[PDB]
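Listed in order, the protein sequences are those of chains A and A'. A prime marks a further copy of an entry chain.
All residue numbers for the first sequence refer to the entry's author numbering, where the first residue is 3 and numbers rise by one.
All residue numbers for the second sequence refer to the entry's author numbering, where the first residue is 3 and numbers rise by one.
Let me begin by presenting the structure, written as structure tokens, before commenting on it.
There are 2 protein chains.
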Amino acid sequence: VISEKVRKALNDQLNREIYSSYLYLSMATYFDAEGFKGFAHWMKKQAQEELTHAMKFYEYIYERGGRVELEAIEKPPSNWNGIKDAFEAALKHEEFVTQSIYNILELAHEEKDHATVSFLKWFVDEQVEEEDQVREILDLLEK
Amino acid sequence: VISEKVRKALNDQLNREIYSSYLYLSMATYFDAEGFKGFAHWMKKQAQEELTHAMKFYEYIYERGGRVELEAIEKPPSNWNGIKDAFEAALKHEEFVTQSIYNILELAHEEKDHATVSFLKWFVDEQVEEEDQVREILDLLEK
Ligand SMILES: [Fe+3]
Ligand SMILES: [Fe+3]
């Protein structure tokens, strides 16, 4: 059974994964308004993946005996200053999500919640791999 | 090309479909907290379908030359007074969404936007069919 503090942190993170999904969809609305279908398609796939991650948090919280409480989702930005600007914002957001998950990892270690440490490690690795992909796109577009 | 008024209404409706998806997911969190897996599974599938509907609005808006602006999503209720209460709330929400779409239908007729009338008619039929399914579940649970 999860402690209340870890359940709160996981529930907070689930709502952060939903906002991440929503932000990427918003980036797609910007790319699609400019006619960058291919970049918009990449953002829509990332929005789908973040939602899938959110539902993995969902099912894990219920497996460990907690429940989910859904919070308001803030309005994301809807415009950026070009392609590179949007992907730099995505990279910055991914680094924020990685830091968020790393903070839960430290809390789980403190309460010796080894199942939560194992659960979260998959998401750190997927985030760094997503950061690497965005860095590759930025590198490709250089100058 | 869509008029600004119809584009605004479709964009408003897209955000209403996202909130609908979010409300059904919230109903699933309530059912799952009580251990009603089967009812929670039904709500998660409805949440997925509403999101699919939202993305059909998304792609239609861009086909007709508009863009999408994503708005804040309000926090849904997270608790109901039993199974019947949750499904009555779903029925009431579906009737609200049907009325919303019917109002766009009238606006599209007024501007003789026959493509939008055709686009929307599929969603009215799917909503009435969803209302029928919720009424059947309510009928099944009677007394
Ligand atoms: Fe993620
Ligand atoms: Fe719908």
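We put the CB at the ideal spot given by N, CA and C, even for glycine.
Any 3 or more C-beta pairs closer than 8 Å across the segment 107-114 of chain A' and the segment 94-110 of chain A: With a cut-off of 8 Å, the segment 94-110 of chain A and the segment 107-114 of chain A' do not count as touching, because too few Cβ pairs lie within range.
message: Can you tell me whether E36(A') sits near ligand 1, meaning its C-beta is under 6 Å from at least one heavy atom of the ligand?
response: For ligand 1, not one heavy atom lies less than 6 Å from the Cβ of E36(A').
query: Under 9 Å Cβ-Cβ, which residues of chain A neighbour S80(A')?
result: Under a criterion of Cβ atoms nearer than 9 Å, the residues of chain A adjacent to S80(A') are, in order, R69, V70, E71, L72.
query: Using a Cβ cut-off of 7 Å, which residues of the segment 18-38 of chain A contact any Cβ in chain A', in chain order?
result: Interface annotation for the segment 18-38 of chain A against chain A': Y24, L27, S28, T31, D34, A35, criterion Cβ-Cβ distance under 7 Å.
query: How about the segment 49-66 of chain A' and the segment 14-29 of chain A': do they share at least three Cβ pairs that are nearer than 8 Å?
result: Yes, the segment 49-66 of chain A' touches the segment 14-29 of chain A'.
query: Below 7 Å between beta carbons: does that hold for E90(A) and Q129(A)?
result: With a cutoff of 7 Å on beta-carbon distance, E90(A) and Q129(A) are scored as not near each other.
- prompt: In terms of DSSP beta bridges, what is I75(A') paired with?
  reply: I75(A).
- prompt: What's the C-alpha gap between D34(A) and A56(A')?
  reply: In this structure, the straight-line span from the alpha carbon of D34(A) to that of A56(A') is close to 16 Å.
message: Assuming contact is defined by CB atoms lying nearer than 7 Å, are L72(A') and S28(A) in contact in what I supplied?
response: Result yes, Cβ atoms of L72(A') and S28(A) sit closer than 7 Å.
- prompt: Can you list, in chain order, the residues of its chain whose CB lies under 8 Å from that of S5(A), leaving out five sequence neighbours each side?
  reply: Sequence-distant Cβ neighbours of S5(A) in its own chain, meaning closer than 8 Å and more than five residues away, are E113, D115.
- request: Examine chain A for any beta-carbon lying closer than 7 Å to the beta-carbon of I103(A'), and answer yes or no.
  value: Not flagged as an interface residue toward chain A: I103(A'), since no C-beta distance is shorter than 7 Å.
message: Please identify, using Cβ separations under 9 Å, the residues of the segment 94-125 of chain A that lie next to chain A', in order along the chain.
response: Contact annotation: in the segment 94-125 of chain A, no residue has its CB less than 9 Å from a CB in chain A'.
query: What does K77(A') reach in chain A if we use C-beta pairs closer than 8 Å?
result: Those within 8 Å of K77(A') in chain A are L72, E73, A74.
task: Look at the alpha carbon of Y64(A) and the alpha carbon of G67(A'), and state the distance between them as a whole number of angstroms.
output: The alpha-carbon atoms of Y64(A) and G67(A') are separated by roughly 43 Å.
- prompt: From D14(A') to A117(A), what distance separates their C-alpha atoms?
  reply: When rounded, the distance between both Cα atoms is 42 Å.
task: Please confirm if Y62(A) has its CB atom under 7 Å from at least one CB of chain A'.
output: Under the Cβ criterion of 7 Å, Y62(A) is not counted among the residues facing chain A'.
query: Under 7 Å, do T31(A') and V99(A) count as touching if we go by C-beta distance?
result: It is not a contact, given that the beta carbons lie outside the stated cut-off.
- prompt: Distance, Cα to Cα, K94(A) vs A42(A)?
  reply: Distance between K94(A) and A42(A), taken at the CA atoms: about 18 Å.
Backbone CA spacing between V126(A') and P79(A') [nearest angstrom]: Rounded to whole angstroms, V126(A') to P79(A') spans 25 Å at the Cα level.
- request: Along the alpha helix (DSSP H) that carries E51(A'), what are the first and last residues, could you check?
  value: From DSSP, the alpha helix (DSSP H) with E51(A') extends over 39-65.
Exposed unless 16 or more other CB atoms sit within 10 angstroms - verdict on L122(A): Counting every other CB atom within 10 Å of its CB across the protein chains shown gives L122(A) a total of 16 or more, marking it as buried.
message: Rounding to the nearest angstrom, what Cα-Cα distance links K7(A') and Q48(A') in this structure?
response: In this structure, the straight-line span from the alpha carbon of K7(A') to that of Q48(A') is close to 29 Å.
field: Cut-off 7 Å between Cβ atoms - residues of its own chain near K46(A'), not counting five sequence neighbours on either side
entry: Answer for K46(A'): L27, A30, listed in chain order.
task: Below 8 Å on the Cβ atoms is my guess for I75(A) versus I139(A); work out the distance and round it to an integer in Å.
output: Not confirmed; about 26 Å, so no contact.
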